[PDB]
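Positions of Cβ are backbone-derived with ideal geometry, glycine not excepted, and every protein chain shown enters the neighbour counts. The numbers here are math on the coordinates, done by the rules we state, and not lab data.
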Amino acid sequence: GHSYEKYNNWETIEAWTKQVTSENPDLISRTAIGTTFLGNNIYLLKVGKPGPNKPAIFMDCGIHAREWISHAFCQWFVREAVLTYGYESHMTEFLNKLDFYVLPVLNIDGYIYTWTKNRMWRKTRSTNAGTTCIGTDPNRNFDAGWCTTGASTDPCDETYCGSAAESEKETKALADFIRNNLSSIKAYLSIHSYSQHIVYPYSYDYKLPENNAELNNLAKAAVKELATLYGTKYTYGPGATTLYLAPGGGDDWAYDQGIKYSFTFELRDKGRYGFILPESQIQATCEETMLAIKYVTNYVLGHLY
Ligand SMILES: CC1(C)[C@@H]2CC[C@@]1(C)[C@@H](NC(=O)[C@H](CC1CCCCC1)NS(=O)(=O)N[C@@H](CCCCN)C(=O)O)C2
Ligand SMILES: [Zn+2]
Ligand SMILES: [Zn+2]
Ligand SMILES: [Zn+2]
C-alpha cells in the first residue's frame, strides 16, 4: 500500500513507478537506466506532455540511503504533476514546455538496507578490495575533482570516493543517462537532507562558477519562495563556501558538462530529527519544497540556452 504521506519501502516505490505510469500514460513514461550492484532496476520517470525537441530538467532523489525525505519528495513531485496538470497554470505550462526526468531512488541497494538492517546507512552496498567494509558514497563518485579533499580514500569511511570515478553502477548509470541526453538537459537538481540548504557549484574546490551572480540571485529567490508557505528558513550559496568541500558530486559534474543551472537541495530539518524526519512532516516539507522547485523551473523556462 503506497501513500504519499508515509515513507514507502523499495518494493512499494517500485510498484508505484509502474502504477503511476500506467495511470498517466500521456504524462509519464518509465525506463530502466541501469541496474544496481545487487541487480535492482534503476527506474527513471519522464514526466511531461510529449512533444518534439523539448528541453528537460533532470532531478534525482535517494543518492543517500538514509535521507528518506528525499525519496518522499521525488514521489511528491510526480504526485503534483499528475494532480495539477490541467488545473494550475504554472505546472501546466511546465509540463507542456519541458520534460522532467525524475529518478526517484538512485541508491536502491542502500535504501533497502535502511529498511532491513541499518536505518542510518549512507553509501551503496558494493564490496571493497582488501576489507570487509562496504559501500561507496555516490556523491563522491562522479568525475568532478574526483577524490580530492572532502572525499575519503578509506573504504570504511562515509565519504569514500570509490575505486575510480563512476566505479559504482549507480553513478555510471546516472552519468551515462545525462551524457546521452546532454543537449536537452538544461537543469540538474539533486534532492538530499538535512540542514535546509540550497547549494550550487562548486563543491570540489574553493572556486565560484562563471554564472555565480545569477545562481546566487536564483537561489536567494527560491529560498524566499519556499519560506512563503510556512516560514521555513533556508540558507544558500556555493557548496564549498556554504557547506564543506565535497568533491565528486553529481551537481558539479553536471555543471561542468555545461548544465549551468545545477542545484543540491538539503531538506528539513536542522538536526532535531535529522535523517529520521517524522512522517507527519512529509506533507509540509514536500509542499514548501515544491515552491522552490517550481520557482527554479519557471526561471529555467525563461532563460533557455
Ligand atoms: C558523513 C559526514 C560526516 C560528512 C560531513 C557530514 C556528514 C554527516 C555527511 N553529510 C550529510 O549527511 C549531509 C547532512 C549533514 C550536513 C552537515 C550537518 C548535519 C547534516 N547530507 S548530504 O550527504 O546529502 N550532503 C551532500 C552535500 C553535497 C553538495 C555538493 N554535491 C553530500 O555531502 O554529499 C558528509
Ligand atoms: Zn544526500
Ligand atoms: Zn500540493
Ligand atoms: Zn533574466
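The table below gives the values:
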item: Calculated P(r) tail over 18 Å for segment 133-249, as whole % of Cα pairs; result: 58 percent
item: Of the DSSP H helices in the chain, those whose Cα atoms cover at least 20 Å axially and whose Kyte score averages 0.5 or more; result: 68-84
item: Among beta bridges that DSSP assigns inside the chain, antiparallel share in %, nearest 5; result: 35 percent
item: Theoretical gain in end-to-end length, residue 4 to residue 217 [0.36 nm per residue, Cα-Cα removed]; result: 73.5 nm
item: Equivalent ellipsoid dimensions for the chain as semi-axes, Å, which come from the Cα gyration tensor, largest first; result: 26, 22, 20
item: The chain, helix-only ellipticity at 222 nm - DSSP H runs n ≥ 4, -39,500 (n - 2.57), divided by all residues, nearest 500; result: -11500 deg cm²/dmol
item: Partner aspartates and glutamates for residue 260 [C-alpha distance under 14 Å; skip if fewer than 8 residues away on the same chain]; result: 210, 214, 251, 252
item: Of 97/169; 233/294; 169/294; 123/220, those spanning more than 23 Å from alpha-carbon to alpha-carbon; result: 97/169; 169/294; 123/220
item: Alpha-carbon Debye profile of segment 193-266, log10 I(q)/I(0) at 0.21 Å⁻¹; result: -0.85
item: Label-to-label distance, nm, for residues given as residue 305 and residue 54 (7 Å Cα→Cβ offset); result: 2.3 nm
item: Which listed pairs, of 46/172; 18/207; 6/117; 6/224; 117/186; 46/224, have C-alpha distances above 31 Å, in listed order; result: 18/207; 117/186
item: The chain, relative contact order in percent, only Cα pairs under 8 angstrom and at least six apart counted; result: 20 percent
item: Segment 73-188, relative contact order [Cα under 8 Å, separation at least 6], %; result: 15 percent
item: Using a Förster distance of 22 Å, the FRET efficiency for residue 117-residue 15 (Cβ separation, nearest 0.05); result: 0.50
item: Partnerless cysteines, meaning none of the other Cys C-beta atoms lie under 4.7 Å away, in the chain; result: 286
item: Under Karplus coefficients 6.51, -1.76 and 1.60, residue-wise ³J(HN,Hα) of segment 236-247 in Hz, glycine/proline x; result: 7, x, x, x, 5, 7, 9, 10, 4, 5, 8, x
item: Order by protection proxy (mean Cβ within 10 Å, highest first), peptides 247-254, 213-220, 140-147, 226-233; result: 247-254, 140-147, 213-220, 226-233
